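Here the structure is laid out as structure tokens; the discussion comes afterwards.
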RNA sequence: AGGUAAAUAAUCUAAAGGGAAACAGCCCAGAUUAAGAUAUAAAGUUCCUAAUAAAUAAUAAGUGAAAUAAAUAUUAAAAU
RNA sequence: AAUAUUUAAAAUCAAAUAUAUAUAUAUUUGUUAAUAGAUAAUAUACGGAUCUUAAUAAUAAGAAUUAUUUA
RNA sequence: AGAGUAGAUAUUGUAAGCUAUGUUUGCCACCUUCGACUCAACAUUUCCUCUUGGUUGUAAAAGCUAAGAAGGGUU
RNA sequence: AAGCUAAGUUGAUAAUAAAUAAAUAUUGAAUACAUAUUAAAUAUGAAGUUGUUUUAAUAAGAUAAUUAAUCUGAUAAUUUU
Ligand SMILES: [Mg+2]
Ligand SMILES: [Mg+2]
Ligand SMILES: [Mg+2]
Ligand SMILES: [Mg+2]
Ligand SMILES: [Mg+2]
Ligand SMILES: [Mg+2]
Ligand SMILES: [Mg+2]
Ligand SMILES: [Mg+2]
Ligand SMILES: [Mg+2]
Ligand SMILES: [Mg+2]
Ligand SMILES: [Mg+2]
Ligand SMILES: [Mg+2]
Ligand SMILES: [Mg+2]
Ligand SMILES: [Mg+2]
Ligand SMILES: [Mg+2]
Ligand SMILES: [Mg+2]
Ligand SMILES: [Mg+2]
Ligand SMILES: [Mg+2]
Ligand SMILES: [Mg+2]
Ligand SMILES: [Mg+2]
Ligand SMILES: [Mg+2]
Ligand SMILES: [Mg+2]
Ligand SMILES: [Zn+2]
């Protein structure tokens, strides 16, 4: 997980999710693309 | 001239029921309503120098309305004086410990005026999570109201 | 909306009823609310199971062609519309389970990686590289069977419950990337890394 | 025939609902508690002496806890008292010493005027012993573990060196008039006050002390004593509770 | 800023209503001034007070300041004014180039209707 | 910079009273002595605390509720 | 539905006022929100309580927030 | 931007941009003692211990980096 | 010698349990896909939290006795646990 203020989806296989009052970006292909909005 | 007469009934401490299951007010609004009663602002004979407020029995307090996510967010604080002893409990935790009646009492305490009579006023509030309570028999009642109530229920209440 | 509008086909053996609950409960959001009153049931050959559902939703049972429909009192209400697509899908899943039955194959991959039915079906013992023994009890409704030691099958009427159980079983050892090695639920895949 | 009474509609027409159970109830607390499944007995710490294990040859210091007229006076129950416990009484006392009220209580419970009374809390109703019975050292098995409560030796008004193991100031190198003192007792203004529980000189000892998992070395009903491995809090002739160890089985 | 001038950045509802009322009062004052002048001029020409009040053609004020006040482009009425200009002054050093009117000193007396065209 | 230097206005200085939780300088308003019926100012009107009812929108974050924290990010919403 | 901007009453339209007046001219007004970003040391700190609504069911509650208003 | 055998975002992150802190060196002028010993209390921006995400740069083992975490400990 | 002591001796680092954090899932719409839910349902998850354990305080409750030839205390004496 890259925890950061900015949370953009990198590849096409990335998908944005809204859980626990935080924007997560998970990804099905590349595991490096996992991000979390703060 | 207006003051002269028998004042015993005016200064009589009545007992006021409130079935929280029936009442549609939220917690804080209910507490505010109670506070006035406890003070005795409702009655025209009131004076700031004299405690002349009524008893308030709250019942079925488990069914009290709380808006938003306050039941799992709202934190009740406490502190002895020794540092590193701040005790913060969420509303649900407080309920689990004591009850919804405790929560109501806290609200009512905060509503009340901060002086030597405050404690007395708080004491007069009698809260109950469920239905059954000892003060059942002493809530204000009238003979004209009796036709509304069925026959055996009254007897059962009296027995209780 | 697009999901909820799709009509559900029923075979004579299965019956989709609906009726009010004994003690309806109300889900209270911040602004909106949602009162769970009705209780749909899907009785069939393999078993029977139910869905507790809001008041605004209601079925529309047709005698001709075995179709039934589901509709809400206000489709323009967002929460209702969201519920509608869910409920229909749930009752379809139930129908599928009662008539055919839901299935979940777990294939174990690794040297000495295998499952075993320990308590006459009631406890799936799983051995997946651990000194301590691992496993968990099968829930009610779920029936487990092991064609091979390294290939377990979970079977049930509830699609939710079976696949949850499968996921739990997997969680002891999910597939590693370096060697495709672990517990694979149904058609599960993994991109194997280069060895180097 | 019937008495006059009015009843409010609001209290009569109120739908009946039971209150939810609260954590700060007695019954919840009882459920939570970590308790022994069996009663205990009061004893007196008579002294201390060596126990030689005859197989191995190992020596162990053992305290001799004497068991005299130990008797289940009465017991308490959840429905009446909020918890299960056995009120045990130890020893024999004169009439002269015992209060009239206490004598009457003992007569009611049908025991001799007792030297020391104490409760022994248990998990269940099964743990209660029938009242009036005599508890002997054979109650406990040899090799079993027991928890041991008693009031410690009184040490009097002690300093922070003896109380809290404070290092104190140096013996030489200029140190003036404060060799055994606690040094600083706070902080300049921020707090502006010595904060509660600041370790200071005060009275020490003469407080209760539970000692957990002590092994029952030896039991004999002939001399009326339980041998117990190691130390026990308090002076000689001090009363000592003994119950099964909750931690060790 | 150790001294605490605890003034809120925005106004309450009641404050806003009072401001509105004040604005309305100044417009009323202006109207009265123009009206009285008109009446006086009618009297000079030779009408009674009632006749002057009735008159279809109302006389506009000849003095400059009054005439400017009458113009809504220069001095707008409360009903004419924007929501923003009732409750927000122009302040070039503020972010947004805007500041609450309540932050102006003596705002209860001092009038300020017109802000710049795009600020 | 609660800094420094002057320009204009006000207050404090030398100004009590109401408001701004508490407050030299802010918002009102100038105590000759009382009285307390009527108009009120600024500020307020669930309770503490003197006094409230409505309308139409928006928020669900306790955001906020008298001391507004930025670039940027995400999710919506309108208009083209 | 998709792509890409803008978040605007300058223009434009709508509504209102004032001059000849069923029209013209001039003036005035009307164009997003939420969350994250967010953060230290005696103790929660809107001044405090507390405020976000709910049919069945009340001679009865339903912001006490923000914005535009009324009495 | 640029390093990272290839790929800016595993790890690294020039100069310029937007903030927080009041831990340093200053500035202001309302206001006229460093270290050691002793006992420490509090914070968390976590050094160790517990849980977890990422790591063509996680095979293993050692690491690196990030999220939760102040219970205990930290010559 | 007693006592007091640590260089000595003995014990404890307080479980089981409950709800959680980051994180990991199930079914599943809104949004024909997808999505662990900032939807309804359903699960995992920490030396942390609640507790548990220990000490001190308090005294709801409980047993008994109730104007006393020896009711309950105190003053007094001999003392130390
Ligand atoms: Mg020394
Ligand atoms: Mg000396
Ligand atoms: Mg000092
Ligand atoms: Mg002077
Ligand atoms: Mg003057
Ligand atoms: Mg003054
Ligand atoms: Mg004067
Ligand atoms: Mg707030
Ligand atoms: Mg603030
Ligand atoms: Mg224009
Ligand atoms: Mg704080
Ligand atoms: Mg306030
Ligand atoms: Mg390059
Ligand atoms: Mg740089
Ligand atoms: Mg941290
Ligand atoms: Mg490794
Ligand atoms: Mg703990
Ligand atoms: Mg040792
Ligand atoms: Mg432990
Ligand atoms: Mg789907
Ligand atoms: Mg999925
Ligand atoms: Mg744990
Ligand atoms: Zn991706």
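P(r) for the range D:123-249, from all Cα pairs and a bin width of 10 Å, is 10, 25, 24, 16, 14, 8, 2 %, short bins first. Set the Cα radius of gyration of chain E against 2.2 N^0.38 Å, with N its number of residues, and you get 1.40. Using 7 Å Cα-to-Cβ label points, what is the residue D:237/residue D:213 separation (nm, one decimal)? Label-label distance for residue D:237 and residue D:213, simple model: 3.5 nm. As an equivalent ellipsoid, the range D:65-124 spans semi-axes of 22, 15, 8 angstrom, where each value is the square root of five times an eigenvalue of the C-alpha gyration tensor, largest first. If r is the Cβ-Cβ distance from residue E:21 to residue B:43 and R0 is 35 Å, what FRET efficiency results, to the nearest 0.05? For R0 = 35 Å, the calculated efficiency reads 0.40. Coordinate range of the alpha-carbon atoms in the range D:3-46 per principal axis, descending: 68, 28, 15 Å.
Comparing the range C:12-101 with the 2.2 N^0.38 Å rule of thumb, its C-alpha radius of gyration ratio is 1.14 (two decimals).
A simple spin-label model places the labels of residue C:15 and residue B:87 5.8 nm from each other, with each point 7 Å out along Cα-to-Cβ. If every alpha-carbon in the range B:1-103 counts as one equal scatterer, what log10 I(q)/I(0) does Debye give at q = 0.09, 0.20, 0.23 1/Å? Results for the range B:1-103 at q = 0.09, 0.20, 0.23 Å⁻¹ read -0.36, -1.04, -1.18. The angle separating the long axis of helix E:13-45 from the principal Cα axis of greatest extent in chain E is about 20 degrees. Computed over chain D with a Gaussian network model linking Cα atoms closer than 10 Å, the most mobile of D:62, D:85, D:31 is D:31.
Using a Gaussian network model of chain B in which every pair of alpha carbons under 10 angstrom is joined by a spring, one finds that among B:107, B:143, B:12 the greatest mean-square fluctuation is at B:143. Based on the Stokes-Einstein relation at 4 °C and a viscosity of 1.567 mPa s, and on the Kirkwood radius from alpha carbon pairs, the range D:1-93 is assigned a translational diffusion coefficient of 66 µm²/s.
Compute the convex hull volume of the Cα atoms of chain D, divide it by the residue count, and report the result per residue in Å³ as a whole number.
Looking at chain D, the number lands at 317 Å³ per residue.
Please state the equivalent ellipsoid semi-axes for the range D:41-181: what are the square roots of 5 times the Cα gyration tensor eigenvalues, largest first, in whole Å? Mind showing how you got there, number by number?
On the way: eigenvalues 339, 116, 58 Å².
They are 41, 24, 17 Å, listed largest first.
Computed from label points 7 Å out along Cα-Cβ, the spacing between residue D:33 and residue D:126 is 1.8 nm. Distance from the Cα centroid of the range E:65-119 to that of the range C:1-77 is 60 Å (rounded to whole angstrom).
Between residue E:31 and residue E:103, the FRET efficiency from the beta-carbon distance, with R0 = 30 Å, is close to 0.55.
Can you give the extra length, in nm with one decimal, that the chain gains between residue C:86 and residue C:123 once fully stretched, where that is 0.36 nm per residue apart less the Cα-Cα distance? Walk me through the numbers on the way to the answer.
Working: separation 37, 0.36 × 37 = 13.32 nm, distance 3.21 nm.
Additional length available on full extension: 10.1 nm.
Each 10 Å bin from 0 upward holds the following percent of the Cα-Cα pairs of the range C:82-163: 18, 41, 25, 13, 3.
Using a Debye calculation, one point per C-alpha and no hydration shell, please list log10 I(q)/I(0) for the range D:109-191 at q = 0.16, 0.18 Å⁻¹ in order. For the range D:109-191 at q = 0.16, 0.18 Å⁻¹, log10 I(q)/I(0) is -0.88, -1.03. Across every pair of non-identical alpha carbons in chain C, the mean reciprocal distance, once inverted, gives a Kirkwood radius of 19.3 Å. Computed over the Cα atoms of the range C:145-196, the ratio of the radius of gyration to the Kirkwood radius (Rg/Rh) comes to 1.04. Pairwise Cα separations in the protein assembly as shown fall into 20 Å bins from 0 onward with the following percentages, short to long: 9, 20, 32, 27, 9, 3, 1, 0.
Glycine also receives a Cβ, built like all others from the backbone with ideal geometry; neighbour counts cover every protein chain displayed. Any read-out appearing in this document is the output of simple, stated calculations on the displayed coordinates, not a laboratory observation.
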